[PDB]
Amino acid sequence: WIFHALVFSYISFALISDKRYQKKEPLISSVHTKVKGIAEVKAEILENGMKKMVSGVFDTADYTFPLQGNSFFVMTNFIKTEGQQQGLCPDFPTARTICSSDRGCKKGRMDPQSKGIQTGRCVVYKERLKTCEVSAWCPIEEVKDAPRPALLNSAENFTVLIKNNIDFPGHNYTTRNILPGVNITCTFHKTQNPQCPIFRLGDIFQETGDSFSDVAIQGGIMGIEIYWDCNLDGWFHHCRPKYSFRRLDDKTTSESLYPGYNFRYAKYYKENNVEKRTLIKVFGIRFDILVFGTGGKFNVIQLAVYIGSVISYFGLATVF
Amino acid sequence: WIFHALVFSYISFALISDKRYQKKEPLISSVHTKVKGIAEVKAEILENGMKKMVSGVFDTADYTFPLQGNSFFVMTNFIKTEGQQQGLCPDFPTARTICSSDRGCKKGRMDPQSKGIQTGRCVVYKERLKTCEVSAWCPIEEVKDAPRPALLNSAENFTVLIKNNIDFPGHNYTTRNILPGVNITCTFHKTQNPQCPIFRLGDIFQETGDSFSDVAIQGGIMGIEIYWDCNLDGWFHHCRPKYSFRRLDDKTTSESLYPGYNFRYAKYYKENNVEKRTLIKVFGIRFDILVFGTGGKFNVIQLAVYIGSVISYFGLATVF
Amino acid sequence: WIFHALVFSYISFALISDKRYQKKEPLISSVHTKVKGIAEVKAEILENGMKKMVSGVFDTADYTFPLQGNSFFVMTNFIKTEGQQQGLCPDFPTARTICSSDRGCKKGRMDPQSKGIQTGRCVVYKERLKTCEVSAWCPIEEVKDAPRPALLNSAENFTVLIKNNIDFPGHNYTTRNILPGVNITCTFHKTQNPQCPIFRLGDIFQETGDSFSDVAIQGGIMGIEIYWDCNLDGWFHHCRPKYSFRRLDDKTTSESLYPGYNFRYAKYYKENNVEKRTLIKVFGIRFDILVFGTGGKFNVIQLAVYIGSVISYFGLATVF
Ligand SMILES: C=CC[C@@H]1c2ccc(OC)c(OC)c2CN2CCc3cc4c(cc3[C@H]12)OCO4
Ligand SMILES: C=CC[C@@H]1c2ccc(OC)c(OC)c2CN2CCc3cc4c(cc3[C@H]12)OCO4
Ligand SMILES: C=CC[C@@H]1c2ccc(OC)c(OC)c2CN2CCc3cc4c(cc3[C@H]12)OCO4
Ligand SMILES: *[C@@H]1O[C@H](CO)[C@@H](O)[C@H](O)[C@H]1NC(C)=O
Ligand SMILES: *[C@@H]1O[C@H](CO)[C@@H](O)[C@H](O)[C@H]1NC(C)=O
Ligand SMILES: *[C@@H]1O[C@H](CO)[C@@H](O)[C@H](O)[C@H]1NC(C)=O
């Protein structure tokens, strides 16, 4: 008859383990993000084989755009080009783009890595180098890598503040991430201060374990997962988040798969009543706020059906 | 034997009410938003202690950007600054920025509220006021509040149209918000017209109960929740949405937590072959369309398992 | 006694097919999209009744913006206007905008289709036509349709690459779309190459079944659904996606419902120290990546409860 008891204990254990007496529903989320911290740039780069110095200050209206769909981007490196205008000009001489005669390359060709429409006419590029030029924005951008020192090497010193508002539509519950009367100043830590949401990017990378400068050179994507494990029962009610970080990139390191994160952006203006654009190749770190969770409440129907299921189980256990 | 009959009524009630004979699956959504209504601005503001008049017209391409990830933003108030250019200039004199001696403040300091890198050199700012200047965009913006009258005071007269398309991947079902042959002209009302989705922002606030001007001055976030309670059974088939609204903000009213919604935006240009930006501090209302819902079809497996698990409930009650 | 066996066969069939021994949990996703392929524009349009020629090249930084919240936009057609500036100017002559006397139209009117604030003063517009002018951007844009040939007629020749990274929070599992050591060069096909994610816009339209030119003229929204049916049990483990394509639009073709996809964009500049904006009316194809899927692992509790539920189901059928 002791066996008749043991299953009962197991049953209770199972219930207490997973709250089968709790109708559970998914989560609806709203995220608001504020990034603060100014950056100083001062370094020496090279363009067209000529050295130049770049200096300036970025004031959080310059190196990012407002949050849109749970993803706020943070600039870390750039390659500049100015004076682009519509015309014909020789393309950056590569193996596929080199020629000695106009008949070498065909007009209208669209090489995947070429940024201009080819007219099939080989012309001298520079110092007796011959390539068949393209009709595009000119002068053509030189395809190189981002400068080895981080142009915004002070990126990890920034601070991001996150306000998360969760609501469950089944139950009548909506609550925020920050409760009234909380510590304003913070620096998020796993154990020292695990609740206030002020994140330092250096802290994020230290938790992840990667080198911030290396992935900042080529850009990358990561995510700040927010876990809401809330119980709505009055007897034991607690609804508090847990923060985790994870690198969302793959570290492919293959040229064909576009390693890291980067894009191209254009600024237009009028010079001498002529349209002229300047091109910025931006490498950055893209943060995602992946908030997920479940919320449940005591419900009679789930308890009844689970008891009905367990009844036959222990009846059979007694039978055999 | 009546006790053997009350369980039948209870089980039928539960099965009919919660629809246990249905395979409930989540929802996949697509949202498309169009905002229409022009606005006129005409007011008197003050900059550097001098009064100026601002007037103009915004044409639904000037005060918003296209929908991106279920969130379309609407401008409400702005603070302007022009002639920004790289240099060194005294910071806006506050308690943490004032100084009387050169050694008063240290070079390289980055105050959280200061927008420039501090070089630690106390210089006269204006009428014998001394602060240690910063090397940044100049002249420095004056941190003030948004003007008490709403610069976009005619914001609540706008009209927003929402087209929602839901698909369930389990079942072969996809349907839209607007059925063919429906009233074009509308103004959404709780009871007068509860289905056509033309929303007025003033009505949006009126349903919530908050004053439009107060939230508009400092900005805020609210949600337009769309609830799809659809049943796919042929006998009782109805799939129509219900519209609800809520304020997603917190009303913190604390300076340290950045009350309301605002951001900073820049427009670059060339003046005398010199880079010059102009800065806009934007306060606005960011709308979110938080769509959720469930749907299910009749399934033999769910009905069979529920019947098998509910049989023991009366099988035992007969014994006792 | 065979009836005792048919129920066992049915139970085993249901358990194997629908996987009752699994703890099914939702999916968390991250998407990274790269669009490549240059476009050339060369055509003849008409503005103000005068013919003009438009030519140029778009280089994947001109006709799109970076991915933001699972939606990347692609240019396909545009209408240009330049020289806009704040002032008073006659509105485009329509039925609601025409007048013969000043008292005919009342000041302050806001017609839904009018883009300017009306001052109620009938003035000559062009060759003895009379309309009451509006205080707005000038000269007023002429409301027309997009040019019948596709300005971005080569749009279907572009290539889009998609990197999807999924994680399940319940189990300790995260995986990406592309496995190491895969074919780089690709063109997606239903049967020839169904796994590598390089998509051609012409290919996806062909799979959908609609012509590219007609949809591109007025714009539309379609989704790239990615389905992850992953099983985490070690015995039979396979986590590979299935690609499906669908058109998210409605084909309303009604003027009041804004058929197709389009918006208005502005570029600002300074000419003769006067602010002057230029307006672009954009018709484009907005792509969505609607990712969804489920995954689960072997769990003792689900197996136990399902057996306890089916025990009564077979026991009662044994009785009768
Ligand atoms: C890419 C983000 C910032 C971008 C950038 C990059 C390099 C620069 O120096 C070379 C810039 O000038 C100083 C800027 C200016 N901003 C303004 C904010 C901004 C916002 C954007 C964007 C680009 C920019 C560039 O794409 C969509 O949303
Ligand atoms: C912030 C939204 C509108 C912005 C703005 C603010 C103040 C102004 O008075 C000087 C503006 O001129 C009339 C404009 C013009 N637009 C164009 C649309 C637009 C779109 C944006 C944006 C800013 C703007 C500014 O940030 C990302 O997406
Ligand atoms: C609307 C997308 C592209 C837009 C456009 C339209 C017409 C043009 O001439 C015909 C343009 O010049 C070549 C451009 C340039 N870009 C840069 C990228 C871009 C990005 C955007 C945007 C507009 C543009 C315009 O709205 C928010 O995000
Ligand atoms: C970050 O800030 C700390 C102190 O504020 C400073 O010591 C450190 O050098 C900074 N790092 C960078 C990369 O600017
Ligand atoms: C909104 O519009 C109504 C009528 O169109 C007008 O009476 C009212 O004054 C307007 N409100 C604002 C703030 O412009
Ligand atoms: C697309 O490309 C193919 C081959 O690259 C070419 O034959 C075809 O004409 C192109 N279509 C357009 C519209 O440019």
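Protein chains in written order, with the UniProt record's numbering: chain A, 31 to 350; chain B, 31 to 350; chain C, 31 to 350. For every residue, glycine included, the Cβ atom is placed at its ideal position computed from N, Cα and C.
- Using a 10 angstroms sphere on the CB of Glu285(A), the tally of other CB atoms stays under 16, which defines it as exposed.
- Relative to ligand 3, the beta carbon of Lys306(B) is positioned no closer than 7 Å to any heavy atom.
- The beta-carbon of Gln248(A) is placed no less than 8 Å from the nearest beta-carbon of chain B.
- For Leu36(A), not one C-beta of chain C is nearer than 8 Å to its own C-beta.
- A residue is called buried when at least 16 other Cβ atoms come within 10 angstroms of its Cβ; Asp263(A) does not meet this threshold and is exposed.
- Interface flag for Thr90(A) against chain B is set, since a Cβ pair is found closer than 8 Å.
- When secondary structure is reduced to three states using DSSP, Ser59(B) falls in the strand class.
- Excluding residues up to 5 positions away in sequence, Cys168 lie with their Cβ nearer than 6 Å to the Cβ of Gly117(A) in the same chain.
- Two segments are said to touch when three or more pairs of C-beta atoms, one from each, lie closer than 8 Å; by this definition the segment 37-51 of chain C does not touch the segment 72-84 of chain C.
- Distances from the CB of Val65(B) to the heavy atoms of ligand 3 are all 7 Å or more.
- Unbroken alpha helix (DSSP H) stretches of 4 residues or longer found wholly inside the segment 136-208 of chain B: none.
- When beta bridges are read from the DSSP output, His268(C) appears opposite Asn261(C).
- Within 10 angstroms of the beta-carbon of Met80(B) lie fewer than 16 other beta-carbons, which makes it exposed.
- The alpha carbon of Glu112(A) has as its nearest neighbour, out of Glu305(A), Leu320(A), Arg178(A), the alpha carbon of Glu305(A).
- If you check the CB distance, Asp48(B) and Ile331(A) come in under 8 Å.
- Here the segment 287-304 of chain A lies against the segment 244-252 of chain A, with 3 or more beta-carbon pairs under 8 Å apart.
- By the C-beta density criterion, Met83(A) is exposed, having fewer than 16 other C-beta atoms within 10 angstroms.
- Contact of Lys53(B) with chain A is not assigned, every C-beta pair being separated by 8 Å or more.
- In the same chain as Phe229(C), and ignoring 5 residues on each side of it, the C-beta atoms closer than 6 Å to its own belong to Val190, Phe218, in chain order.
- Not one heavy atom of ligand 1 sits closer than 7 Å to the Cβ of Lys81(A).
- Cβ-Cβ separation between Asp233(A) and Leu278(A): approximately 17 Å, too far for a contact (criterion under 8 Å).
- One alpha carbon belongs to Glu255(B), the other to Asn187(B), and they sit about 21 Å apart.
- Any Cβ of chain A closer than 8 Å to the Cβ of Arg316(C) would place that residue at the interface, and such an atom is absent.
- Here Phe344(A) carries a helix assignment [DSSP, helix/strand/coil].
- The DSSP-derived three-state label of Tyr298(A) is strand.
- For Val65(C) against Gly146(A), the beta-carbon gap comes to about 17 Å, at or over 8 Å, which does not count as contact.
- In this structure, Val173(C) places its C-beta atom within 8 Å of the C-beta atom of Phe122(C).
- Taking 8 Å as the CB threshold, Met105(B) stays off the interface with chain A.
- With 6 Å as the limit between CB and the heavy atoms of ligand 6, the residues that fall short of it are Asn183(C), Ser184(C), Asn187(C).
- Spatial neighbours of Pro199(B) in its own chain (CB-CB distance under 8 Å, excluding positions within 5 residues in sequence) are listed in chain order as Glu55, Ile58.
- Between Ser42(A) and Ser339(C), the beta carbon gap of about 18 Å keeps them out of contact (Cβ cut-off 8 Å).
- Think of a sphere of 9 Å around the beta carbon of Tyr343(B): the chain A residues whose beta carbon falls inside it are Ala334, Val335, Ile337, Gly338, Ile341, in chain order.
- Within 8 Å of the CB of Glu186(B), no CB atom of chain C is found; the nearest one sits about 14 Å away.
- Remark: the C-beta of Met105(A) is outside contact range of ligand 2, defined as less than 7 Å to any heavy atom.
- Beta-bridge partners assigned by DSSP to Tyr273(B): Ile256(B).
- Cβ proximity to chain A below 7 Å picks out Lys297, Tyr299, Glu301 from the segment 295-311 of chain C.
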